[PDB]
$ cat structure-v2.txt   # compact mmCIF, C-alpha atoms and all ligand atoms
# COMPACT_ATOMS: atom_id res chain seq x y z
CA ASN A 1 105.68 3.79 -46.16
CA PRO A 2 104.21 3.89 -42.65
CA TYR A 3 107.14 1.92 -41.18
CA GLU A 4 109.76 4.63 -41.80
CA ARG A 5 111.33 5.77 -38.52
CA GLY A 6 113.74 8.59 -37.83
CA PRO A 7 115.30 11.17 -40.13
CA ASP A 8 116.80 10.48 -43.52
CA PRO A 9 120.02 8.46 -43.26
CA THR A 10 123.57 9.51 -44.02
CA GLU A 11 126.84 7.63 -43.68
CA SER A 12 127.43 9.20 -40.26
CA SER A 13 123.91 8.34 -39.09
CA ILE A 14 124.20 4.63 -39.88
CA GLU A 15 127.70 4.71 -38.34
CA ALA A 16 126.61 6.37 -35.08
CA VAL A 17 127.05 4.35 -31.90
CA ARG A 18 123.60 5.53 -30.80
CA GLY A 19 121.00 6.76 -33.26
CA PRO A 20 118.22 9.27 -32.63
CA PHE A 21 115.91 7.16 -30.47
CA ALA A 22 116.75 7.11 -26.78
CA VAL A 23 116.88 3.50 -25.61
CA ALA A 24 115.91 1.64 -22.45
CA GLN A 25 116.45 -1.99 -21.51
CA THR A 26 114.60 -4.72 -19.61
CA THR A 27 115.81 -8.16 -18.56
CA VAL A 28 114.16 -11.54 -19.12
CA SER A 29 115.38 -14.04 -16.54
CA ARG A 30 116.25 -17.65 -17.33
CA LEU A 31 113.04 -18.71 -15.58
CA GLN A 32 110.91 -16.08 -17.34
CA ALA A 33 111.99 -17.39 -20.76
CA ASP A 34 110.05 -20.16 -22.51
CA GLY A 35 112.32 -21.68 -25.14
CA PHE A 36 115.58 -19.82 -24.44
CA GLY A 37 117.95 -18.92 -21.64
CA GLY A 38 116.75 -15.35 -21.15
CA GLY A 39 118.17 -12.09 -22.36
CA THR A 40 118.08 -8.30 -22.37
CA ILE A 41 115.49 -6.38 -24.42
CA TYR A 42 116.53 -2.96 -25.73
CA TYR A 43 113.76 -0.69 -26.98
CA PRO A 44 113.21 2.95 -27.99
CA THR A 45 111.32 5.08 -25.49
CA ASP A 46 109.85 7.49 -28.05
CA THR A 47 106.63 5.80 -29.19
CA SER A 48 105.20 8.83 -30.99
CA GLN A 49 106.19 7.59 -34.46
CA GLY A 50 104.53 4.19 -33.90
CA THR A 51 105.62 0.63 -33.22
CA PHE A 52 109.00 -0.81 -34.19
CA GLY A 53 110.33 -4.00 -35.70
CA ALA A 54 111.83 -6.73 -33.54
CA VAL A 55 115.29 -8.31 -33.76
CA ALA A 56 116.74 -11.27 -31.85
CA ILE A 57 120.49 -11.91 -31.67
CA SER A 58 122.15 -15.16 -30.60
CA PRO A 59 125.73 -15.75 -29.38
CA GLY A 60 128.06 -18.61 -30.30
CA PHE A 61 129.39 -21.79 -28.72
CA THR A 62 129.88 -21.40 -24.95
CA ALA A 63 129.33 -17.67 -25.42
CA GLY A 64 126.85 -15.57 -23.49
CA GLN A 65 125.06 -12.24 -23.89
CA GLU A 66 128.11 -10.01 -23.51
CA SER A 67 129.74 -11.22 -26.74
CA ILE A 68 126.85 -9.56 -28.61
CA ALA A 69 125.53 -7.07 -26.04
CA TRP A 70 126.92 -4.02 -27.85
CA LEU A 71 124.63 -4.79 -30.80
CA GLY A 72 121.47 -4.45 -28.71
CA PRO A 73 121.49 -0.72 -27.97
CA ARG A 74 123.35 0.24 -31.17
CA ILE A 75 120.70 -1.31 -33.42
CA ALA A 76 117.80 -0.39 -31.13
CA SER A 77 118.84 3.28 -31.09
CA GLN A 78 117.94 3.37 -34.80
CA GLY A 79 114.35 2.38 -34.01
CA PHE A 80 114.13 -1.32 -33.18
CA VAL A 81 113.27 -3.67 -30.34
CA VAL A 82 116.36 -5.84 -29.89
CA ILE A 83 116.70 -8.78 -27.49
CA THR A 84 120.13 -10.34 -27.05
CA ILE A 85 119.64 -13.89 -25.81
CA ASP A 86 121.43 -16.47 -23.73
CA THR A 87 121.08 -20.06 -24.85
CA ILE A 88 119.49 -22.77 -22.73
CA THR A 89 122.81 -24.60 -22.41
CA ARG A 90 126.27 -23.36 -23.33
CA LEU A 91 126.65 -26.24 -25.82
CA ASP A 92 123.48 -25.71 -27.88
CA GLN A 93 123.95 -26.42 -31.58
CA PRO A 94 122.91 -24.13 -34.50
CA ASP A 95 119.48 -25.83 -35.07
CA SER A 96 118.65 -25.32 -31.31
CA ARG A 97 119.95 -21.71 -31.52
CA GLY A 98 117.41 -20.94 -34.34
CA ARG A 99 114.55 -22.07 -32.05
CA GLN A 100 115.75 -20.04 -29.08
CA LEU A 101 115.87 -17.06 -31.48
CA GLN A 102 112.21 -17.77 -32.56
CA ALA A 103 111.14 -18.32 -28.91
CA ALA A 104 112.85 -15.05 -27.98
CA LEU A 105 110.93 -13.35 -30.80
CA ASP A 106 107.63 -14.93 -29.70
CA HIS A 107 108.34 -13.96 -26.10
CA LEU A 108 108.34 -10.35 -27.33
CA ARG A 109 104.72 -10.77 -28.46
CA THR A 110 103.63 -11.13 -24.83
CA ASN A 111 106.36 -9.19 -23.00
CA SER A 112 104.65 -6.57 -20.85
CA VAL A 113 107.09 -3.66 -21.23
CA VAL A 114 107.53 -4.15 -24.99
CA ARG A 115 104.48 -5.70 -26.66
CA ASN A 116 102.86 -2.28 -27.11
CA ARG A 117 106.12 -1.08 -28.72
CA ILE A 118 106.40 -3.93 -31.26
CA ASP A 119 104.98 -4.68 -34.69
CA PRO A 120 104.79 -8.48 -34.31
CA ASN A 121 104.50 -8.93 -38.10
CA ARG A 122 108.00 -7.54 -38.84
CA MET A 123 110.75 -9.55 -37.12
CA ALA A 124 114.38 -10.40 -37.88
CA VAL A 125 117.09 -12.68 -36.49
CA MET A 126 120.85 -12.27 -36.04
CA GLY A 127 123.77 -14.22 -34.64
CA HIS A 128 127.53 -14.76 -34.32
CA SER A 129 129.17 -18.05 -35.38
CA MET A 130 126.77 -20.84 -34.30
CA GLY A 131 124.25 -18.12 -33.49
CA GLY A 132 124.62 -17.03 -37.09
CA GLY A 133 123.96 -20.56 -38.27
CA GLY A 134 120.96 -20.47 -35.96
CA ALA A 135 119.77 -17.24 -37.57
CA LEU A 136 119.77 -19.11 -40.89
CA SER A 137 117.89 -22.07 -39.42
CA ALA A 138 115.28 -19.71 -37.95
CA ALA A 139 114.73 -18.22 -41.41
CA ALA A 140 114.70 -21.71 -42.94
CA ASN A 141 111.86 -22.48 -40.50
CA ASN A 142 109.81 -19.26 -40.69
CA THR A 143 109.25 -17.69 -44.13
CA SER A 144 107.57 -14.65 -42.51
CA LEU A 145 110.82 -13.34 -41.00
CA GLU A 146 111.85 -10.09 -42.65
CA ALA A 147 115.66 -10.19 -42.32
CA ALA A 148 118.44 -12.56 -41.30
CA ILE A 149 122.08 -11.66 -40.65
CA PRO A 150 124.58 -14.42 -39.76
CA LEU A 151 127.80 -12.78 -38.54
CA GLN A 152 130.69 -15.11 -39.38
CA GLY A 153 128.12 -17.86 -39.16
CA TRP A 154 128.93 -21.50 -38.53
CA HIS A 155 126.82 -24.48 -39.59
CA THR A 156 127.29 -28.01 -40.89
CA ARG A 157 124.31 -27.33 -43.18
CA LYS A 158 125.55 -25.79 -46.43
CA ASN A 159 122.39 -25.77 -48.58
CA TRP A 160 119.95 -22.96 -47.75
CA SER A 161 117.78 -23.02 -50.88
CA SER A 162 114.66 -22.84 -48.66
CA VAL A 163 115.34 -19.44 -47.07
CA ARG A 164 112.80 -16.87 -48.27
CA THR A 165 113.98 -14.10 -45.92
CA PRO A 166 116.28 -11.31 -47.21
CA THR A 167 119.66 -12.34 -45.80
CA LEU A 168 122.93 -10.47 -45.24
CA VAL A 169 125.92 -12.82 -44.94
CA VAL A 170 128.71 -11.09 -43.00
CA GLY A 171 131.93 -13.08 -43.20
CA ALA A 172 135.38 -12.32 -41.81
CA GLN A 173 138.19 -12.46 -44.37
CA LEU A 174 140.69 -14.05 -41.96
CA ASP A 175 138.21 -16.40 -40.26
CA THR A 176 139.71 -19.75 -39.24
CA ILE A 177 136.95 -20.87 -36.87
CA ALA A 178 134.27 -20.56 -39.57
CA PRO A 179 136.13 -19.77 -42.81
CA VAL A 180 134.03 -17.96 -45.39
CA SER A 181 135.01 -20.40 -48.15
CA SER A 182 133.22 -23.42 -46.63
CA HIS A 183 130.72 -21.43 -44.55
CA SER A 184 129.62 -17.84 -45.22
CA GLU A 185 130.20 -17.88 -48.98
CA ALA A 186 128.73 -21.38 -49.18
CA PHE A 187 125.64 -20.00 -47.44
CA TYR A 188 125.26 -17.07 -49.84
CA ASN A 189 125.76 -19.25 -52.91
CA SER A 190 123.07 -21.77 -51.92
CA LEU A 191 120.52 -19.08 -51.06
CA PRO A 192 117.90 -18.58 -53.79
CA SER A 193 119.42 -16.64 -56.68
CA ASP A 194 116.24 -14.54 -56.79
CA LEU A 195 116.32 -13.78 -53.05
CA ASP A 196 117.22 -10.26 -51.96
CA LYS A 197 120.60 -11.20 -50.50
CA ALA A 198 124.09 -9.80 -50.04
CA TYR A 199 127.47 -11.15 -48.95
CA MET A 200 129.88 -8.76 -47.24
CA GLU A 201 133.44 -9.74 -46.33
CA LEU A 202 135.22 -7.69 -43.67
CA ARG A 203 138.87 -7.04 -44.62
CA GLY A 204 141.65 -8.56 -42.41
CA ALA A 205 139.09 -9.65 -39.84
CA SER A 206 139.27 -12.63 -37.51
CA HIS A 207 136.29 -14.69 -36.23
CA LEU A 208 136.07 -12.38 -33.17
CA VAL A 209 135.19 -9.12 -35.09
CA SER A 210 131.50 -9.25 -33.92
CA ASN A 211 132.46 -9.68 -30.21
CA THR A 212 133.59 -6.01 -30.06
CA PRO A 213 132.02 -2.80 -31.48
CA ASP A 214 132.69 -2.99 -35.28
CA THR A 215 131.22 0.03 -37.16
CA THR A 216 131.13 -1.73 -40.58
CA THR A 217 129.19 -4.65 -39.00
CA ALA A 218 126.74 -2.16 -37.34
CA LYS A 219 126.14 0.20 -40.35
CA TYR A 220 125.22 -2.50 -42.93
CA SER A 221 123.25 -4.54 -40.35
CA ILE A 222 121.21 -1.29 -39.72
CA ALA A 223 120.81 -0.65 -43.47
CA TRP A 224 119.59 -4.27 -43.99
CA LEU A 225 117.14 -4.12 -41.03
CA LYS A 226 115.84 -0.71 -42.34
CA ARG A 227 115.42 -1.77 -46.05
CA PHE A 228 113.82 -5.12 -45.09
CA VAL A 229 112.19 -4.94 -41.58
CA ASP A 230 110.87 -1.37 -42.34
CA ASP A 231 110.82 -1.70 -46.20
CA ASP A 232 112.73 1.64 -45.93
CA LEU A 233 113.91 2.46 -49.47
CA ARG A 234 116.01 5.33 -48.04
CA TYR A 235 118.64 2.75 -46.84
CA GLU A 236 119.05 0.99 -50.30
CA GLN A 237 121.69 3.70 -51.14
CA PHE A 238 124.02 1.99 -48.59
CA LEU A 239 123.49 -1.57 -50.06
CA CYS A 240 123.22 -0.85 -53.83
CA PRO A 241 125.64 -0.66 -55.19
CA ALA A 242 128.64 -2.09 -53.33
CA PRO A 243 129.69 0.07 -50.42
CA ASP A 244 132.93 2.10 -50.87
CA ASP A 245 134.61 0.80 -47.65
CA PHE A 246 138.21 -0.35 -47.26
CA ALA A 247 136.78 -2.44 -44.35
CA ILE A 248 134.99 -4.58 -47.01
CA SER A 249 137.21 -7.11 -48.76
CA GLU A 250 134.55 -8.65 -51.03
CA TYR A 251 130.92 -7.94 -51.88
CA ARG A 252 128.22 -9.60 -53.99
CA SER A 253 124.46 -8.66 -53.93
CA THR A 254 121.11 -9.08 -55.80
CA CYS A 255 120.85 -5.25 -55.91
CA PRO A 256 118.75 -3.43 -56.87
CA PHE A 257 116.25 -4.80 -54.32
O1 LIG B 1 133.44 -21.85 -30.84
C1 LIG B 1 134.48 -22.46 -31.05
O2 LIG B 1 135.55 -22.23 -30.49
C2 LIG B 1 134.45 -23.59 -32.05
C3 LIG B 1 133.31 -24.36 -32.23
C4 LIG B 1 133.28 -25.39 -33.15
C5 LIG B 1 134.40 -25.68 -33.93
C6 LIG B 1 134.40 -26.82 -34.91
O3 LIG B 1 134.64 -27.96 -34.54
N1 LIG B 1 134.07 -26.54 -36.17
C7 LIG B 1 134.57 -27.33 -37.29
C8 LIG B 1 133.78 -27.13 -38.56
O4 LIG B 1 134.38 -26.16 -39.40
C9 LIG B 1 135.54 -24.92 -33.74
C10 LIG B 1 135.57 -23.89 -32.81
$ encode --input "structure-v2.txt" --output "structure tokens"
Amino acid sequence: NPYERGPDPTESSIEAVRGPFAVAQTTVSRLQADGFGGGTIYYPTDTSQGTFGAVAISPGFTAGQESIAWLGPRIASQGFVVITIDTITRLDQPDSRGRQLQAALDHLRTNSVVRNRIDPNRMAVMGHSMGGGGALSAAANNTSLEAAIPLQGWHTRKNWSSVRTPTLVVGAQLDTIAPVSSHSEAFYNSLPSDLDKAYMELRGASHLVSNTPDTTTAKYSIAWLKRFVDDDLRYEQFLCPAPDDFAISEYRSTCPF
């Protein structure tokens, strides 16, 4: 596997706030951005091991970059190019949010500071609440995406039988804004039964768990991005079987992958 980056993983390594790769960040202004409201690109400086996969993360309704900013460097420090985006308007709906995620990804293909650091064939999308519903719409409109992770996602669309991208559904047990029963779990159930997928429910968590550094959210999101954006079979140990975490209230997967 030529896409493997960094040393072999442990529980502490996937839990670390910053991984091995030192990270730097560049900004894309609202004017510089074609198809989204701008954002911050986090990237590893060490290029000696090769290019990295790309990840785009979207915020929720009326939210901006800082609700998801802590995910940028945390994920990128494991060996990824991560752009956290602002939406074009504060009221953009989940279908629009999936486009701004794809436009942010495409913008990485031609970004000057990053395009030499990116493998444009291995990209993933992420999002909180409506940004999570957008992450599903971006996968449902681009079967070449390698991973999708809606974090407490929200969407009026319940049937996702057209997603072909390995998807990690992260719901919050005590979510009232987007309850897992009618949202997150409904998304996992309508995904293809043969798709490499997994539903993870965070114990005692509200809708706001992703707006602040949550280690459980970070560790499994890293494992998913490794196993699927890098095809890194070293990270399957953390997904198959069910993780032993009190932080996880429920878990269902298509393991082994
Ligand atoms: O971001 C929020 O504060 C928010 C956005 C949308 C709703 C809503 O109307 N969803 C009903 C469908 O379950 C609620 C809260």
$ residues_around --input "structure-v2.txt" --residues "stretch 7-14 of chain A" --least-positions-apart "3" --cutoff "10 Å" --atoms "all atoms listed in the file" --output "CSV table (one decimal) with C-alpha atoms, in the frame of the given file"
chain,number,residue,atom,x,y,z
A,4,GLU,CA,109.8,4.6,-41.8
A,17,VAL,CA,127.0,4.4,-31.9
A,18,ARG,CA,123.6,5.5,-30.8
A,19,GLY,CA,121.0,6.8,-33.3
A,20,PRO,CA,118.2,9.3,-32.6
A,74,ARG,CA,123.4,0.2,-31.2
A,75,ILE,CA,120.7,-1.3,-33.4
A,78,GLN,CA,117.9,3.4,-34.8
A,215,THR,CA,131.2,0.0,-37.2
A,216,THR,CA,131.1,-1.7,-40.6
A,218,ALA,CA,126.7,-2.2,-37.3
A,219,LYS,CA,126.1,0.2,-40.4
A,220,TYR,CA,125.2,-2.5,-42.9
A,221,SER,CA,123.2,-4.5,-40.4
A,222,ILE,CA,121.2,-1.3,-39.7
A,223,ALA,CA,120.8,-0.6,-43.5
A,234,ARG,CA,116.0,5.3,-48.0
A,235,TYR,CA,118.6,2.8,-46.8
A,237,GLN,CA,121.7,3.7,-51.1
A,238,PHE,CA,124.0,2.0,-48.6
$ residues_near_ligand --input "structure-v2.txt" --ligand "ligand LIG 1 (chain B)" --cutoff "6 Å" --atoms "all atoms listed in the file" --output "ChimeraX atom specification"
/A:61,177-178
$ closest_residue --input "structure-v2.txt" --among "A:225, A:200, A:118, A:186" --to "residue A:106" --atoms "only C-alpha atoms"
A:118
$ atom_distance --input "structure-v2.txt" --atom1 "atom CA of residue A:58" --atom2 "atom CA of residue A:41"
12.6 Å
$ atom_distance --input "structure-v2.txt" --atom1 "atom CA of residue A:151" --atom2 "atom CA of residue A:129"
6.3 Å
$ residues_near_point --input "structure-v2.txt" --point "(122.5, -21.3, -26.0)" --cutoff "8 Å" --atoms "only C-alpha atoms" --output "list in words"
residues 36, 37, 58, 59, 60, 61, 62, 63, 64, 85, 86, 87, 88, 89, 90, 91, 92, 93, 96, 97 and 100 of chain A
$ closest_atom_pairs --input "structure-v2.txt" --of "stretch 20-103 of chain A" --to "stretch 133-147 of chain A" --cutoff "6 Å" --atoms "only C-alpha atoms" --output "Markdown table"
| residue | atom | partner | partner_atom | distance |
| --- | --- | --- | --- | --- |
| A:94 | CA | A:134 | CA | 4.4 |
| A:95 | CA | A:134 | CA | 5.6 |
| A:97 | CA | A:134 | CA | 4.7 |
| A:98 | CA | A:134 | CA | 3.9 |
$ atom_distance --input "structure-v2.txt" --atom1 "atom CA of residue A:202" --atom2 "atom CA of residue A:130"
18.2 Å
$ closest_residue --input "structure-v2.txt" --among "A:149, A:198, A:101, A:229" --to "residue A:257" --atoms "all atoms listed in the file"
A:198
$ residues_around --input "structure-v2.txt" --residues "stretch 46-49 of chain A" --least-positions-apart "3" --cutoff "7 Å" --atoms "only C-alpha atoms" --output "list in words"
residues 5, 21 and 117 of chain A
$ write_last_selection --input "structure-v2.txt" --atoms "C-alpha atoms" --output "PDB file, in the frame of the given file"
ATOM      1  CA  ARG A   5     111.330   5.770 -38.520  1.00  0.00           C
ATOM      2  CA  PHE A  21     115.910   7.160 -30.470  1.00  0.00           C
ATOM      3  CA  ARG A 117     106.120  -1.080 -28.720  1.00  0.00           C
TER       4      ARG A 117
END
$ closest_residue --input "structure-v2.txt" --among "A:113, A:169, A:108, A:55" --to "residue A:199" --atoms "only C-alpha atoms"
A:169
$ axis_aligned_box --input "structure-v2.txt" --around "stretch 113-118 of chain A" --padding-each-side "8 Å" --output "AutoDock Vina command-line options"
--center_x 105.2 --center_y -3.4 --center_z -26.2 --size_x 20.7 --size_y 20.6 --size_z 26.0
$ closest_residue --input "structure-v2.txt" --among "A:80, A:160, A:154, A:52" --to "residue A:184" --atoms "all atoms listed in the file"
A:154
$ closest_atom_pairs --input "structure-v2.txt" --of "stretch 136-225 of chain A" --to "stretch 65-68 of chain A" --cutoff "12 Å" --atoms "only C-alpha atoms" --output "CSV"
residue,atom,partner,partner_atom,distance
A:151,CA,A:68,CA,10.5
A:208,CA,A:67,CA,9.1
A:209,CA,A:67,CA,10.2
A:210,CA,A:68,CA,7.1
A:211,CA,A:67,CA,4.7
A:212,CA,A:67,CA,7.3
A:213,CA,A:68,CA,9.0
A:214,CA,A:68,CA,11.0
A:217,CA,A:68,CA,11.7
A:218,CA,A:68,CA,11.4
$ closest_residue --input "structure-v2.txt" --among "A:231, A:175, A:201, A:194" --to "residue A:255" --atoms "all atoms listed in the file"
A:194
